[PDB]
Amino acid sequence: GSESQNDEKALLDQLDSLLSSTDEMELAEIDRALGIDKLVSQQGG
Amino acid sequence: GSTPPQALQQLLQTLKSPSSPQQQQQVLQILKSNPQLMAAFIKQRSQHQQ
């Protein structure tokens with residue numbers, strides 16, 4: 001609605017750290033669903 | 001009002017929280033339609049890889 005000021009999104013970045021704590025497989029299930037694996041491959045940037 | 005990118009943030013909220021099983025499957029459906037958005041998620045693992 002309003003310009004700038006995320007707040008909510010910022011809250012995610014916090015829990016995001018859990019990713020390192022949790023196995024990549026935990027998200028791998030949904031990850032492959034979006035195609036984040038073949039997203040880069042040979043992109044770089 | 002008109003931000004297709006932030007759409008990932010909304011759903012991502014359920015993907016990060018211990019939401020129900022149905023929700024988790026929902027978010028994935030959205031991110032799937034947004035290939036440019038999912039890229040944001042990788043940012044985490046990319047900045048938190050070993």
# chains A, B, ... in the order shown; residues from 1 in each chain; ligands from 1
$ residues_around --residues "stretch 24-29 of chain B" --least-positions-apart "4" --cutoff "8 Å" --atoms "only C-alpha atoms" --output "list in words"
residues 30, 31, 33 and 34 of chain A; 11, 12, 14, 15, 19, 20 and 33 of chain B
$ write_last_selection --atoms "C-alpha atoms" --output "mmCIF file, in the first residue's frame"
data_model
loop_
_atom_site.group_PDB
_atom_site.id
_atom_site.type_symbol
_atom_site.label_atom_id
_atom_site.label_comp_id
_atom_site.auth_asym_id
_atom_site.auth_seq_id
_atom_site.Cartn_x
_atom_site.Cartn_y
_atom_site.Cartn_z
ATOM 1 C CA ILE A 30 9.550 -26.493 -2.298
ATOM 2 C CA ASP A 31 12.738 -25.070 -3.806
ATOM 3 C CA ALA A 33 9.019 -26.481 -7.136
ATOM 4 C CA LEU A 34 9.980 -22.903 -8.001
ATOM 5 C CA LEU B 11 3.762 -15.890 0.955
ATOM 6 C CA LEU B 12 7.340 -16.232 2.202
ATOM 7 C CA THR B 14 4.223 -18.782 5.730
ATOM 8 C CA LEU B 15 7.288 -20.524 4.304
ATOM 9 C CA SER B 19 2.357 -22.642 9.261
ATOM 10 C CA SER B 20 0.101 -25.571 8.372
ATOM 11 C CA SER B 33 4.758 -18.425 -11.007
#
$ select_by_dssp --residues "chain B" --states "alpha helix (DSSP H)" --output "number ranges by chain"
B: 7-16, 21-33, 35-47
$ atom_distance --atom1 "atom CA of residue A:45" --atom2 "atom CA of residue B:34"
18.6 Å
$ closest_residue --among "B:45, B:35, B:30, B:50" --to "residue B:10" --atoms "only C-alpha atoms"
B:30
$ interface_residues --of "chain B" --to "chain A" --cutoff "6 Å" --atoms "only C-alpha atoms" --output "list in words"
residues 1, 9, 28, 31, 32 and 48 of chain B
$ atom_distance --atom1 "atom CA of residue A:5" --atom2 "atom CA of residue B:7"
15.1 Å
$ atom_distance --atom1 "atom CA of residue B:6" --atom2 "atom CA of residue B:47"
20.1 Å
$ closest_residue --among "B:5, B:42, B:18, B:49" --to "residue A:38" --atoms "only C-alpha atoms"
B:42
